[PDB]
$ cat my_file-v4.txt   # compact mmCIF, C-alpha atoms and all ligand atoms
# COMPACT_ATOMS: atom_id res chain seq x y z
CA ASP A 1 8.00 11.32 7.66
CA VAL A 2 5.38 12.09 5.09
CA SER A 3 2.05 13.78 5.52
CA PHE A 4 -1.29 14.06 3.85
CA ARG A 5 -4.20 16.37 4.59
CA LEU A 6 -7.70 15.45 3.38
CA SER A 7 -8.89 19.01 4.01
CA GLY A 8 -8.30 20.84 0.77
CA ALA A 9 -7.12 17.68 -0.93
CA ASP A 10 -7.43 17.41 -4.62
CA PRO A 11 -5.99 15.01 -7.19
CA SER A 12 -2.98 17.13 -7.64
CA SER A 13 -2.16 17.23 -3.89
CA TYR A 14 -2.87 13.49 -3.42
CA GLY A 15 -0.56 12.77 -6.41
CA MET A 16 2.05 14.93 -4.71
CA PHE A 17 1.68 12.97 -1.43
CA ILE A 18 2.04 9.69 -3.29
CA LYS A 19 5.16 10.92 -4.95
CA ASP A 20 6.53 11.90 -1.53
CA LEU A 21 5.59 8.56 -0.05
CA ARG A 22 7.49 6.75 -2.90
CA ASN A 23 10.46 9.13 -2.44
CA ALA A 24 10.57 8.42 1.28
CA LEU A 25 11.41 4.79 0.62
CA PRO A 26 15.13 4.04 0.25
CA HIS A 27 16.74 2.17 -2.58
CA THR A 28 20.32 1.74 -3.72
CA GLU A 29 19.46 0.51 -7.22
CA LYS A 30 16.87 0.71 -9.96
CA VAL A 31 15.90 -2.20 -12.14
CA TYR A 32 14.59 -1.12 -15.52
CA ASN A 33 14.43 2.30 -14.09
CA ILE A 34 12.08 1.18 -11.17
CA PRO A 35 13.44 1.67 -7.57
CA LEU A 36 14.28 -1.67 -5.96
CA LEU A 37 13.39 -1.67 -2.29
CA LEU A 38 16.08 -2.85 0.07
CA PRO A 39 16.38 -6.46 1.16
CA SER A 40 16.62 -5.42 4.77
CA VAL A 41 16.85 -2.41 7.11
CA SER A 42 18.26 -2.37 10.67
CA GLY A 43 16.18 -1.21 13.58
CA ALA A 44 14.06 1.95 13.71
CA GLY A 45 15.03 3.19 10.24
CA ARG A 46 13.00 0.32 8.83
CA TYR A 47 9.72 2.20 9.49
CA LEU A 48 8.34 5.33 7.80
CA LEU A 49 5.76 7.46 9.61
CA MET A 50 2.86 8.67 7.48
CA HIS A 51 0.82 11.40 9.16
CA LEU A 52 -2.75 11.43 7.85
CA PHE A 53 -5.34 14.06 8.66
CA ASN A 54 -9.07 13.76 8.06
CA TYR A 55 -11.31 16.54 6.71
CA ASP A 56 -11.76 17.83 10.30
CA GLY A 57 -8.05 17.76 10.83
CA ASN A 58 -7.79 14.90 13.37
CA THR A 59 -4.82 12.69 12.73
CA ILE A 60 -3.42 9.18 12.81
CA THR A 61 0.19 8.21 12.28
CA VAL A 62 0.72 5.05 10.22
CA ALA A 63 3.91 3.01 10.41
CA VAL A 64 5.09 1.58 7.17
CA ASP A 65 7.93 -0.94 6.61
CA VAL A 66 10.12 0.70 4.00
CA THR A 67 11.28 -2.63 2.58
CA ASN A 68 7.85 -3.80 1.49
CA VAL A 69 5.40 -0.89 1.98
CA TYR A 70 3.43 -3.05 4.44
CA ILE A 71 1.49 -1.23 7.09
CA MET A 72 2.51 -2.46 10.51
CA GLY A 73 0.15 -0.35 12.68
CA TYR A 74 -0.86 3.15 13.56
CA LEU A 75 -1.18 5.64 16.41
CA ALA A 76 -4.52 7.30 17.25
CA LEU A 77 -4.07 9.84 20.01
CA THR A 78 -2.43 7.94 22.87
CA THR A 79 -3.25 4.45 21.70
CA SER A 80 -1.20 2.34 19.24
CA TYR A 81 -2.68 -0.50 17.16
CA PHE A 82 -0.63 -3.21 15.46
CA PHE A 83 -1.57 -6.17 13.35
CA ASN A 84 -1.42 -9.62 14.86
CA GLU A 85 1.70 -10.79 13.05
CA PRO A 86 5.48 -11.12 13.94
CA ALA A 87 6.57 -8.26 11.74
CA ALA A 88 4.24 -5.76 13.40
CA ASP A 89 5.19 -7.07 16.88
CA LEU A 90 8.76 -6.12 15.97
CA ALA A 91 7.77 -2.80 14.67
CA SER A 92 6.13 -2.15 18.03
CA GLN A 93 9.58 -2.26 19.65
CA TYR A 94 10.56 0.75 17.63
CA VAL A 95 7.55 2.92 16.87
CA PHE A 96 4.99 4.79 19.00
CA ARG A 97 6.78 3.78 22.16
CA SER A 98 5.17 6.66 24.19
CA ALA A 99 1.61 5.54 23.43
CA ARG A 100 -0.20 4.95 26.74
CA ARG A 101 -1.32 1.52 25.53
CA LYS A 102 -0.87 -0.82 22.68
CA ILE A 103 -3.68 -2.75 21.14
CA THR A 104 -3.07 -5.84 18.96
CA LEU A 105 -5.77 -5.97 16.38
CA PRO A 106 -7.46 -9.36 16.22
CA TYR A 107 -6.20 -10.12 12.75
CA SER A 108 -3.01 -10.03 10.68
CA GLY A 109 -2.60 -7.56 7.89
CA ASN A 110 -3.12 -9.80 4.93
CA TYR A 111 -5.93 -9.03 2.62
CA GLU A 112 -7.69 -12.36 3.13
CA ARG A 113 -7.83 -11.94 6.95
CA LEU A 114 -8.93 -8.32 6.74
CA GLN A 115 -11.69 -9.23 4.32
CA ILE A 116 -13.02 -11.97 6.62
CA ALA A 117 -13.02 -9.53 9.55
CA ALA A 118 -14.60 -6.75 7.58
CA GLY A 119 -17.24 -9.24 6.40
CA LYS A 120 -16.75 -8.45 2.68
CA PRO A 121 -14.17 -8.79 -0.10
CA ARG A 122 -12.52 -5.61 -1.18
CA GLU A 123 -14.26 -5.84 -4.52
CA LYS A 124 -17.30 -4.54 -2.70
CA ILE A 125 -15.69 -1.87 -0.58
CA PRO A 126 -15.62 1.58 -2.20
CA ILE A 127 -12.34 3.41 -2.14
CA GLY A 128 -11.40 6.99 -2.79
CA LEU A 129 -10.35 10.05 -0.87
CA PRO A 130 -13.69 10.35 0.90
CA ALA A 131 -13.33 6.66 1.89
CA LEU A 132 -9.89 7.55 3.22
CA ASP A 133 -11.40 10.42 5.32
CA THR A 134 -13.92 7.82 6.71
CA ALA A 135 -11.14 5.30 7.35
CA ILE A 136 -9.02 7.77 9.38
CA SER A 137 -12.12 8.73 11.30
CA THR A 138 -12.87 5.05 12.04
CA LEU A 139 -9.37 4.29 13.18
CA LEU A 140 -9.43 7.20 15.62
CA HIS A 141 -11.52 5.14 17.98
CA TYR A 142 -11.13 1.46 18.30
CA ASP A 143 -13.71 -0.79 16.67
CA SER A 144 -12.11 -3.95 15.23
CA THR A 145 -14.78 -4.85 12.65
CA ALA A 146 -14.97 -1.34 11.35
CA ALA A 147 -11.20 -0.96 11.45
CA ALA A 148 -10.74 -4.00 9.13
CA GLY A 149 -12.70 -2.17 6.46
CA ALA A 150 -11.01 1.14 7.18
CA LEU A 151 -7.64 -0.66 6.89
CA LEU A 152 -8.49 -2.11 3.52
CA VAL A 153 -9.23 1.41 2.29
CA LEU A 154 -6.10 2.76 3.96
CA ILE A 155 -3.82 0.16 2.41
CA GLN A 156 -5.14 0.58 -1.08
CA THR A 157 -5.13 4.41 -1.01
CA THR A 158 -1.65 4.77 0.32
CA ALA A 159 0.71 1.72 -0.18
CA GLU A 160 -1.01 0.27 -3.29
CA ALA A 161 -1.09 3.76 -4.99
CA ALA A 162 2.59 4.22 -4.15
CA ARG A 163 3.26 0.84 -5.88
CA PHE A 164 1.23 1.43 -9.01
CA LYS A 165 0.65 4.65 -10.93
CA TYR A 166 -2.55 3.13 -12.25
CA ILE A 167 -3.92 2.77 -8.70
CA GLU A 168 -2.77 6.29 -7.88
CA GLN A 169 -4.79 7.43 -10.88
CA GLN A 170 -7.81 5.37 -9.78
CA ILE A 171 -7.81 7.09 -6.45
CA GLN A 172 -7.46 10.50 -8.21
CA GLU A 173 -10.59 9.75 -10.15
CA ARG A 174 -12.23 8.98 -6.77
CA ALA A 175 -11.13 12.23 -5.19
CA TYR A 176 -14.75 13.36 -4.46
CA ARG A 177 -16.69 10.12 -5.07
CA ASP A 178 -15.76 6.64 -3.79
CA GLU A 179 -16.15 3.66 -6.11
CA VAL A 180 -15.23 0.02 -5.69
CA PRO A 181 -11.84 -0.73 -7.17
CA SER A 182 -11.65 -1.91 -10.81
CA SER A 183 -10.65 -5.50 -11.45
CA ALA A 184 -7.38 -4.18 -12.76
CA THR A 185 -6.68 -2.62 -9.42
CA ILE A 186 -7.32 -5.89 -7.57
CA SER A 187 -5.17 -7.73 -10.09
CA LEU A 188 -2.18 -5.42 -9.62
CA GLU A 189 -2.50 -5.59 -5.87
CA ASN A 190 -2.52 -9.34 -6.04
CA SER A 191 0.38 -9.43 -8.51
CA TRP A 192 2.88 -7.00 -7.02
CA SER A 193 5.09 -9.63 -5.55
CA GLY A 194 5.05 -11.78 -8.76
CA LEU A 195 5.57 -8.77 -10.97
CA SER A 196 8.44 -7.60 -8.79
CA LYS A 197 10.14 -11.03 -8.96
CA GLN A 198 9.75 -11.40 -12.80
CA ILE A 199 11.08 -7.87 -13.40
CA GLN A 200 14.12 -8.76 -11.30
CA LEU A 201 14.56 -12.14 -13.03
CA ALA A 202 14.19 -10.45 -16.43
CA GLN A 203 17.55 -8.76 -15.78
CA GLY A 204 19.64 -11.72 -17.06
CA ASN A 205 16.92 -12.76 -19.46
CA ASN A 206 17.11 -9.64 -21.77
CA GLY A 207 14.02 -8.09 -20.12
CA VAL A 208 12.01 -11.21 -20.76
CA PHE A 209 9.96 -12.74 -17.81
CA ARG A 210 10.87 -16.32 -16.83
CA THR A 211 7.19 -16.85 -16.05
CA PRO A 212 4.56 -14.55 -17.53
CA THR A 213 2.24 -12.68 -15.15
CA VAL A 214 -1.50 -12.65 -15.95
CA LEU A 215 -3.35 -9.41 -15.12
CA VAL A 216 -6.58 -7.63 -15.76
CA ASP A 217 -6.19 -4.47 -17.86
CA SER A 218 -7.96 -1.06 -17.70
CA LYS A 219 -10.65 -2.45 -20.05
CA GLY A 220 -11.48 -5.43 -17.83
CA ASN A 221 -9.71 -7.89 -20.13
CA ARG A 222 -7.13 -10.54 -19.16
CA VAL A 223 -3.68 -9.76 -20.44
CA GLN A 224 -0.53 -11.79 -20.19
CA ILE A 225 2.64 -9.81 -19.28
CA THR A 226 5.83 -11.38 -20.83
CA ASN A 227 8.55 -8.75 -20.76
CA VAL A 228 9.71 -5.31 -19.60
CA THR A 229 8.33 -3.46 -22.74
CA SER A 230 4.85 -3.85 -21.36
CA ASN A 231 3.25 -0.60 -20.09
CA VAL A 232 2.88 -2.33 -16.76
CA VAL A 233 6.65 -2.12 -16.40
CA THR A 234 7.52 1.08 -18.35
CA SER A 235 4.74 3.27 -16.90
CA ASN A 236 2.67 1.62 -14.12
CA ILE A 237 4.77 -0.12 -11.43
CA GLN A 238 6.85 2.26 -9.27
CA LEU A 239 8.49 0.11 -6.62
CA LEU A 240 9.82 -3.44 -6.64
CA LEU A 241 9.76 -5.83 -3.74
CA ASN A 242 13.24 -7.28 -3.39
CA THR A 243 13.41 -10.95 -4.38
CA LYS A 244 15.21 -11.41 -1.01
CA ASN A 245 11.74 -10.85 0.48
CA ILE A 246 9.88 -13.24 -1.80
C1 LIG B 1 6.87 -8.27 -25.11
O1 LIG B 1 5.76 -7.51 -24.73
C2 LIG B 1 5.19 -6.83 -25.82
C3 LIG B 1 4.15 -5.95 -25.14
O2 LIG B 1 3.21 -6.88 -24.68
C4 LIG B 1 4.63 -7.81 -26.91
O3 LIG B 1 3.98 -7.18 -28.02
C5 LIG B 1 5.80 -8.62 -27.44
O4 LIG B 1 5.37 -9.66 -28.30
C6 LIG B 1 6.62 -9.20 -26.29
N1 LIG B 1 7.98 -9.50 -26.73
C7 LIG B 1 8.63 -10.62 -26.39
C8 LIG B 1 10.04 -10.78 -26.88
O5 LIG B 1 8.12 -11.51 -25.68
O1 LIG B 2 0.71 -9.86 2.14
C1 LIG B 2 0.16 -8.76 2.32
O2 LIG B 2 0.87 -7.62 2.88
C2 LIG B 2 -0.09 -6.54 3.03
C3 LIG B 2 -0.27 -6.21 4.53
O3 LIG B 2 0.96 -6.42 5.22
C4 LIG B 2 -0.77 -4.83 4.95
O4 LIG B 2 0.02 -3.74 4.46
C5 LIG B 2 -1.35 -7.08 2.41
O5 LIG B 2 -2.40 -6.26 2.31
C6 LIG B 2 -1.24 -8.40 2.05
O6 LIG B 2 -2.20 -9.26 1.62

$ encode --input "my_file-v4.txt" --output "structure tokens"
Amino acid sequence: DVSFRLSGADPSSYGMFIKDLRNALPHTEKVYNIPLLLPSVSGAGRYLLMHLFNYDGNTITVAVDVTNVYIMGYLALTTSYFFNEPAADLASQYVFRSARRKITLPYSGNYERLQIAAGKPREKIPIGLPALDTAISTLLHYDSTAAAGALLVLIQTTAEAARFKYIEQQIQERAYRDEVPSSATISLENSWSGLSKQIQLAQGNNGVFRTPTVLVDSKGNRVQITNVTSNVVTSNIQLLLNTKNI
């Protein structure tokens, strides 16, 4: 399991948590020195438990699929909550089995469905460590509209930061003040699968991408990523989605 405590959190301790989250995910190989997540994992071992505590020290446990860093659901006190999707249904066979009841959220976990539920695109939802405190607090007691927003914050501050050092850094800058995510953040989030695939295909193409990946950079400019010498690959991305799962 991994844990994170908002009380006393600072950029350094958040960065530590994110490192621990990345290190909790298994891989047998690296591709251009980036850990390649497994194609598949059998049974219960497929799910990592991330214990999160708000500033007041109340906690939720979040279940994360170690093959794709997707959040399946979470436990708040004696009640479990899972997305309305086959993968999370499965997860519910293995995790939080002693919850007194299980709620299926009225939406799947994809960004587009969460945004609709939350009533706003994530461009307009501030993120940061205080937003994460708020999100944990929201999730402690069921409210599906509010939870959609809290889940968007939760996903981006945990899984997306684990995937991209740049997003980790964004959150670090938002340690004590939330701000909407930069376009670059959105762009990386949206491109993780595509980036992951091209990086894997580049191996056999001398580090060159079969299809270039268009992103938004730190300056708010469009950039075209063609090969593994880009900073996106050498410095930013930290985990690759197996092409088996694309
Ligand atoms: C690879 O990427 C670098 C960094 O963007 C760029 O300057 C260079 O032209 C590209 N090289 C090839 C072989 O495509
Ligand atoms: O395809 C997606 O996977 C994650 C989701 O599973 C939650 O982690 C996400 O946000 C998407 O849009």

$ residues_near_ligand --input "my_file-v4.txt" --ligand "ligand LIG 2 (chain B)" --cutoff "8 Å" --atoms "all atoms listed in the file" --output "VMD selection string"
chain A and resid 64 69 to 72 108 to 112 152 155 159 190

$ axis_aligned_box --input "my_file-v4.txt" --around "ligand LIG 1 (chain B)" --padding-each-side "5 Å" --output "lines of an AutoDock Vina configuration file"
center_x = 6.6
center_y = -8.7
center_z = -26.5
size_x = 16.8
size_y = 15.6
size_z = 13.6

$ closest_atom_pairs --input "my_file-v4.txt" --of "chain A" --to "ligand LIG 1 (chain B)" --cutoff "12 Å" --atoms "all atoms listed in the file" --output "CSV"
residue,atom,partner,partner_atom,distance
A:202,CA,B:LIG1,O5,11.1
A:205,CA,B:LIG1,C8,10.3
A:206,CA,B:LIG1,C8,8.8
A:207,CA,B:LIG1,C8,8.3
A:208,CA,B:LIG1,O5,6.3
A:209,CA,B:LIG1,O5,8.2
A:210,CA,B:LIG1,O5,10.4
A:211,CA,B:LIG1,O5,11.1
A:212,CA,B:LIG1,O5,9.4
A:213,CA,B:LIG1,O2,11.2
A:214,CA,B:LIG1,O2,11.5
A:215,CA,B:LIG1,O2,11.9
A:217,CA,B:LIG1,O2,11.9
A:223,CA,B:LIG1,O2,8.6
A:224,CA,B:LIG1,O2,7.6
A:225,CA,B:LIG1,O2,6.2
A:226,CA,B:LIG1,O5,5.4
A:227,CA,B:LIG1,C1,4.7
A:228,CA,B:LIG1,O1,6.8
A:229,CA,B:LIG1,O1,5.2
A:230,CA,B:LIG1,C3,4.4
A:231,CA,B:LIG1,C3,7.4
A:232,CA,B:LIG1,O2,9.1
A:233,CA,B:LIG1,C3,9.9
A:234,CA,B:LIG1,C3,10.3

$ closest_atom_pairs --input "my_file-v4.txt" --of "range 201-237 of chain A" --to "range 162-173 of chain A" --cutoff "8 Å" --atoms "all atoms listed in the file" --output "CSV"
residue,atom,partner,partner_atom,distance
A:235,CA,A:165,CA,7.4
A:236,CA,A:165,CA,4.8
A:237,CA,A:164,CA,4.6

$ write_last_selection --input "my_file-v4.txt" --atoms "C-alpha atoms" --output "mmCIF file, in the coordinates of the input"
data_model
loop_
_atom_site.group_PDB
_atom_site.id
_atom_site.type_symbol
_atom_site.label_atom_id
_atom_site.label_comp_id
_atom_site.auth_asym_id
_atom_site.auth_seq_id
_atom_site.Cartn_x
_atom_site.Cartn_y
_atom_site.Cartn_z
ATOM 1 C CA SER A 235 4.740 3.270 -16.900
ATOM 2 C CA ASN A 236 2.670 1.620 -14.120
ATOM 3 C CA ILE A 237 4.770 -0.120 -11.430
#

$ closest_residue --input "my_file-v4.txt" --among "A:122, A:46, A:113, A:244" --to "residue 94 in chain A" --atoms "all atoms listed in the file"
A:46

$ residues_around --input "my_file-v4.txt" --residues "range 195-200 of chain A" --least-positions-apart "6" --cutoff "6 Å" --atoms "all atoms listed in the file" --output "PyMOL selection string"
chain A and resi 209+240-241+243

$ write_last_selection --input "my_file-v4.txt" --atoms "C-alpha atoms" --output "compact mmCIF listing (two decimals), in the frame of the given file"
# COMPACT_ATOMS: atom_id res chain seq x y z
CA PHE A 209 9.96 -12.74 -17.81
CA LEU A 240 9.82 -3.44 -6.64
CA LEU A 241 9.76 -5.83 -3.74
CA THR A 243 13.41 -10.95 -4.38

$ closest_residue --input "my_file-v4.txt" --among "A:148, A:66, A:127, A:44" --to "residue 81 in chain A" --atoms "all atoms listed in the file"
A:148

$ residues_around --input "my_file-v4.txt" --residues "residue 43 in chain A" --least-positions-apart "5" --cutoff "12 Å" --atoms "only C-alpha atoms" --output "ChimeraX atom specification"
/A:48,65-66,90-95

$ closest_residue --input "my_file-v4.txt" --among "A:146, A:114, A:188, A:60" --to "residue 84 in chain A" --atoms "all atoms listed in the file"
A:114

$ residues_around --input "my_file-v4.txt" --residues "residue 132 in chain A" --least-positions-apart "6" --cutoff "12 Å" --atoms "only C-alpha atoms" --output "ChimeraX atom specification"
/A:4-7,9,14,52-55,59-60,125-126,138-139,147,149-158,171,174-179

$ closest_residue --input "my_file-v4.txt" --among "A:193, A:133, A:56, A:50" --to "residue 74 in chain A" --atoms "only C-alpha atoms"
A:50

$ closest_residue --input "my_file-v4.txt" --among "A:135, A:16, A:103, A:31" --to "residue 3 in chain A" --atoms "only C-alpha atoms"
A:16

$ atom_distance --input "my_file-v4.txt" --atom1 "CA of residue 42 in chain A" --atom2 "CA of residue 191 in chain A"
27.2 Å

$ closest_residue --input "my_file-v4.txt" --among "A:24, A:49, A:76, A:2" --to "residue 37 in chain A" --atoms "all atoms listed in the file"
A:24

$ atom_distance --input "my_file-v4.txt" --atom1 "CA of residue 10 in chain A" --atom2 "CA of residue 25 in chain A"
23.3 Å

$ build_atoms --input "my_file-v4.txt" --residues "range 57-83 of chain A" --atoms "N, CA and C atoms" --output "JSON list (two decimals), in the coordinates of the input"
[["chain", "number", "residue", "atom", "x", "y", "z"],
["A", 57, "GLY", "N", -9.37, 17.53, 10.31],
["A", 57, "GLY", "CA", -8.05, 17.76, 10.83],
["A", 57, "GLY", "C", -7.57, 16.91, 12.03],
["A", 58, "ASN", "N", -8.32, 15.88, 12.41],
["A", 58, "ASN", "CA", -7.79, 14.90, 13.37],
["A", 58, "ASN", "C", -6.82, 14.01, 12.63],
["A", 59, "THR", "N", -5.90, 13.41, 13.36],
["A", 59, "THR", "CA", -4.82, 12.69, 12.73],
["A", 59, "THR", "C", -4.56, 11.28, 13.31],
["A", 60, "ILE", "N", -4.12, 10.40, 12.44],
["A", 60, "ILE", "CA", -3.42, 9.18, 12.81],
["A", 60, "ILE", "C", -2.03, 9.16, 12.18],
["A", 61, "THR", "N", -1.07, 8.51, 12.85],
["A", 61, "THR", "CA", 0.19, 8.21, 12.28],
["A", 61, "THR", "C", 0.32, 6.72, 11.93],
["A", 62, "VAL", "N", 0.64, 6.43, 10.67],
["A", 62, "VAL", "CA", 0.72, 5.05, 10.22],
["A", 62, "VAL", "C", 2.19, 4.66, 10.05],
["A", 63, "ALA", "N", 2.55, 3.50, 10.55],
["A", 63, "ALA", "CA", 3.91, 3.01, 10.41],
["A", 63, "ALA", "C", 4.00, 2.06, 9.26],
["A", 64, "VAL", "N", 4.95, 2.35, 8.35],
["A", 64, "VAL", "CA", 5.09, 1.58, 7.17],
["A", 64, "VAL", "C", 6.52, 1.03, 7.08],
["A", 65, "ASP", "N", 6.63, -0.24, 6.73],
["A", 65, "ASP", "CA", 7.93, -0.94, 6.61],
["A", 65, "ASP", "C", 8.45, -0.57, 5.23],
["A", 66, "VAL", "N", 9.61, 0.07, 5.23],
["A", 66, "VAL", "CA", 10.12, 0.70, 4.00],
["A", 66, "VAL", "C", 10.66, -0.33, 2.99],
["A", 67, "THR", "N", 10.78, -1.57, 3.43],
["A", 67, "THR", "CA", 11.28, -2.63, 2.58],
["A", 67, "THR", "C", 10.19, -3.27, 1.80],
["A", 68, "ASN", "N", 8.93, -3.11, 2.20],
["A", 68, "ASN", "CA", 7.85, -3.80, 1.49],
["A", 68, "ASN", "C", 6.52, -3.02, 1.32],
["A", 69, "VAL", "N", 6.52, -1.81, 1.88],
["A", 69, "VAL", "CA", 5.40, -0.89, 1.98],
["A", 69, "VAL", "C", 4.22, -1.52, 2.74],
["A", 70, "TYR", "N", 4.51, -2.48, 3.61],
["A", 70, "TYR", "CA", 3.43, -3.05, 4.44],
["A", 70, "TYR", "C", 3.19, -2.15, 5.63],
["A", 71, "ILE", "N", 1.91, -1.98, 5.93],
["A", 71, "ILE", "CA", 1.49, -1.23, 7.09],
["A", 71, "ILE", "C", 1.59, -2.15, 8.27],
["A", 72, "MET", "N", 2.29, -1.67, 9.31],
["A", 72, "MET", "CA", 2.51, -2.46, 10.51],
["A", 72, "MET", "C", 1.44, -2.16, 11.60],
["A", 73, "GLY", "N", 1.08, -0.88, 11.68],
["A", 73, "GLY", "CA", 0.15, -0.35, 12.68],
["A", 73, "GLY", "C", 0.06, 1.11, 12.61],
["A", 74, "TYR", "N", -0.60, 1.73, 13.61],
["A", 74, "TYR", "CA", -0.86, 3.15, 13.56],
["A", 74, "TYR", "C", -1.12, 3.65, 14.98],
["A", 75, "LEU", "N", -0.94, 4.94, 15.14],
["A", 75, "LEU", "CA", -1.18, 5.64, 16.41],
["A", 75, "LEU", "C", -2.38, 6.55, 16.26],
["A", 76, "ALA", "N", -3.36, 6.40, 17.15],
["A", 76, "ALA", "CA", -4.52, 7.30, 17.25],
["A", 76, "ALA", "C", -4.54, 7.90, 18.65],
["A", 77, "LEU", "N", -4.21, 9.17, 18.73],
["A", 77, "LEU", "CA", -4.07, 9.84, 20.01],
["A", 77, "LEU", "C", -3.03, 9.04, 20.78],
["A", 78, "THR", "N", -3.40, 8.55, 21.94],
["A", 78, "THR", "CA", -2.43, 7.94, 22.87],
["A", 78, "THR", "C", -2.49, 6.40, 22.86],
["A", 79, "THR", "N", -3.05, 5.87, 21.77],
["A", 79, "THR", "CA", -3.25, 4.45, 21.70],
["A", 79, "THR", "C", -2.64, 3.98, 20.36],
["A", 80, "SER", "N", -1.81, 2.94, 20.42],
["A", 80, "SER", "CA", -1.20, 2.34, 19.24],
["A", 80, "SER", "C", -1.93, 1.04, 18.91],
["A", 81, "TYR", "N", -1.93, 0.67, 17.63],
["A", 81, "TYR", "CA", -2.68, -0.50, 17.16],
["A", 81, "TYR", "C", -1.74, -1.19, 16.20],
["A", 82, "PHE", "N", -1.54, -2.48, 16.36],
["A", 82, "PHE", "CA", -0.63, -3.21, 15.46],
["A", 82, "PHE", "C", -1.33, -4.45, 15.02],
["A", 83, "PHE", "N", -1.02, -4.89, 13.82],
["A", 83, "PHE", "CA", -1.57, -6.17, 13.35],
["A", 83, "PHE", "C", -1.04, -7.32, 14.17]]
